[PDB]
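I have a structure here, written as structure tokens, and I will follow up with some questions on it.
We call the chains A, B, C, D and E, going by the order they appear; numbering starts again at 1 in every chain.
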Amino acid sequence: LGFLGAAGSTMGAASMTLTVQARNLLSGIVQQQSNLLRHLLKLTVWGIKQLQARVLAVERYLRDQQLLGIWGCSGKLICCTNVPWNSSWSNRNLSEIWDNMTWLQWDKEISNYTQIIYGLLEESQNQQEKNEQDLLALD
Amino acid sequence: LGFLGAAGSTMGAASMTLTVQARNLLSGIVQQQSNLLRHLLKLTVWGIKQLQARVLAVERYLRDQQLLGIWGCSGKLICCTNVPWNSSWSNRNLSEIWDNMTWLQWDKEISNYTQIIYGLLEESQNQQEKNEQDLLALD
Amino acid sequence: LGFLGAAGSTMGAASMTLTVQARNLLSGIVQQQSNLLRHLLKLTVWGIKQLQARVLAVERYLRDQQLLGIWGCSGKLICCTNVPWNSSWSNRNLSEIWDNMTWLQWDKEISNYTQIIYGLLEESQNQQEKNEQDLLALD
Amino acid sequence: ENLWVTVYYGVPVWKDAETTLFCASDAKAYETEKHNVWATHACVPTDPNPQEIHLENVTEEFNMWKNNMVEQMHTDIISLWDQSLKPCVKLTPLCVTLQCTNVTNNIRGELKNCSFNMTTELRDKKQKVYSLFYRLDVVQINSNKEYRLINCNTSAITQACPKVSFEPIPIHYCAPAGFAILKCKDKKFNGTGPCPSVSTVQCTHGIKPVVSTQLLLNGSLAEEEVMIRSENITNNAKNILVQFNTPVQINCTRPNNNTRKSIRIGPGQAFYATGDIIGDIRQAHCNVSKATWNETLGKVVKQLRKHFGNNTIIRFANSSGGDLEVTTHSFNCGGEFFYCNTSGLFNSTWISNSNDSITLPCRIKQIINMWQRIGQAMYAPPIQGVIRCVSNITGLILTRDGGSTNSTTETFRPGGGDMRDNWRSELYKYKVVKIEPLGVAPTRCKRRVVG
Amino acid sequence: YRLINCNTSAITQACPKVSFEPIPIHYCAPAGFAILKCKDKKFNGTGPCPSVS
């Protein structure tokens, strides 16, 4: 275990842990609450690099976390979707990918049409599914 | 379609799409990851306007997204509530508003007591509803 | 009622309200949308203290809200967990704590092993529970 | 009993921490006269509605000497002052040999008519003009007297901006999200301790940065008889703050009719010298209602009785040692800086159980670098016209009786040695805390079995 | 003679290698904001624009 501890292991192992990566993603001991505590101008070059790094920290976290909210998966770490898998994406079989490719390799295998999957993802799970209440919310 | 593509269409159409507005709300191509990449002082007037604009970006997104979390609607884009509609708000009927007013007009029709609705919203759906486990969580 | 209105009352009362504290946690009237509106250098000492305070505002909100998301409790304000309570933490009984300690006192009673509880919290409710679909997601 | 853990978001608990606060004030200077040295060109506007909640059942402990809101206050004013002098006219050319003379002894002399040689607009040519300067701001060198500015020896000099108000206006300190400021609503609050009446206001009261020495002005006063606060009583050494219940009124005025003489020293830059005086020379003064003063000084020795050797002899002496600018009631008024002799107020002694009005002599200084800051001093231009200040005096500052090992009696003489204690007279009741909304508690409740 | 500005304010030389040529600068909105364009060709002073983008 550890942060990215299973980065080189098979995809089945990264499926098993996963939180250790998600936990250490927003806040860090490195930030350490700023201030010297314990000259009186904090306009130094260091303060500029820190604050612009604290911004992109939450700017990149919220850019990805906004994606989880529009897919109905905000509350959980792994959610299933109602989008069928299209064979043009990969020809490999069920146990052939989860035990032989590792995630590091997999991100390069879908990076071509990865944005296209994201487009179809907002539709089937939250554009129609959240709409389907119309008939079932009350009759 | 498109960003605000149904801003002028009836409320029934904005109900149908809606994500295109919600998607392009936090992150933008305009931000474009800052830095020149490809004089050594980034204290320029431009860097001040950009960073203060990136802050109010997530400051306004999280101010509204915090409201969705205290209503039990964080995970989804459209959730139903257990607050009955009070007739003093509007006298119009079910199909009379969704097909004749457009949202742009509607926001002006509730802006007077809109904050009062928000107050009652935290109560019935999350102050009582999340509390109701007391009896049902375990007997 | 009011912000922290039940800070001195019993834990059963803070259980009853609670939102008033959670609501006034991210956004404030104090921030008041900056700008003078209504000399042309905003590099003043005031602008530095404000912006660094607006950052730690959402930096502390998202650091805690990230914890609610990895526990499956993001959408709601009070969620139950599948972690059994370990007697070494407190020897007191069910009605003995909720009616005699107040939260202010309680945070000092668990602050020693509070981080250890958080570790076990990610596991039983989201490391195993979200994984349990494997057998039940489809057979 | 299968007790399960349950999470609660928004739990009212806090831990003592100190974060960065910011400014708040409504419509103040605005269009007619702006450019205040403190409020800058823009402060975040205060909400018209103040939020105060009387936290029930809570007994949080305060500490006003280990509180960091006063230290945040201190470093803010210094950085705020230096930012309001940085873009202005520097008076480096003002360091030349000065040949000065008295004024109308008529053979009474405390200012000198100075002639000196100074650069003009064109760098090539020079110009000679006169100017008046107050005593002590200039010193001799070695028939015709020869003088030099007292600051040209030490650090540099920069003129204060001509259209800048040094008037203290209320500045509000307020917390950041997830933080709250706790107010001590307990009227009697001996030093610091557990306060039974706490509030969690989001924003402090109206705090004015009254730059004062030894005696405080325009401050806050609790309703009970005068309060006495010491970090440690009996450590003769630590200074003593004093809060009144009713403030005394002291009015001060400079009768000198200064004319404005602007002489350029190069381009755009213009030195504002004291012109020629109109009217007979009159020393600056301060009025104190002798009736009102005698009782305020009495209520203190009554409160001090129960804190110093019970019934015994309490005397008041003039400052005691020190430098001329720290042992007098220094302050700013209208732009000119007064230094009044306090020996006339701390001379009486009472023990064992239309109207006359005391007056105080005051001298004026135009060269200043405050907070013992040896970095850079500033020249305050003379204020053209009439001067009159009318501010309440609400606080005090006292000091030692040397090191009298036990013995017969106790004496307390004024000594506003530091500036940060002045704001401690306004911040004794406040303290900021960090809200921690995450609380975990057990209850016999678990969510669905599989999911 | 004398420079006309030495009478008034100070003076500072323009940098030697600085282009004063106007190049296109784009103004664009922050997240949660949008800029509305009047696509109505005839637009007397200002009023309700039927063609917005």
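Quick note on the criterion: a residue touches a chain if its C-beta (ideal position, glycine included) is under 8 Å from a C-beta of that chain, and two chains touch if they have at least 3 such contacts.
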Graph distance between subunit B and subunit E, where chains that touch are linked: 1
Target subunit D, source subunit B, minimum contact steps: 1
Subunit B onto subunit C, rotation angle from CA fit, given as a multiple of 5 degrees: 120
Separation of mean Cα positions, subunit B and subunit A [Å, integer]: 22
Distance from the mean Cα position of subunit E to that of subunit D, given in whole angstrom: 45
Centre-of-Cα separation between subunit E and subunit C, whole angstrom: 47
Per-residue multi-chain contacts in subunit B, two or more chains: 25-27, 31, 54-55, 57-58, 61-62, 74-75, 133, 137
Multi-chain contact residues (two or more partners), subunit D: 79, 443-446
Interchain contacts, given as pairs of chains that touch: A-B, A-C, A-D, B-C, B-D, B-E, C-D, D-E
Footprint of subunit B on subunit C - complex, ascending: 16-17, 19, 22-23, 25-27, 31, 34, 42-43, 51, 54-55, 57-58, 61-62, 65, 74-78, 80
Contact set on subunit D toward subunit E in their complex: 121-122, 266-269
Contacting residues of subunit A [partner subunit B, same complex]: 48, 52, 55, 58-59, 62-63, 66, 69-70, 72-75, 122, 126-127, 130-131, 133, 137
Complex contacts: residues of subunit E adjacent to subunit D: 2, 5-11
Contacting residues of subunit D [partner subunit B, same complex]: 443-446
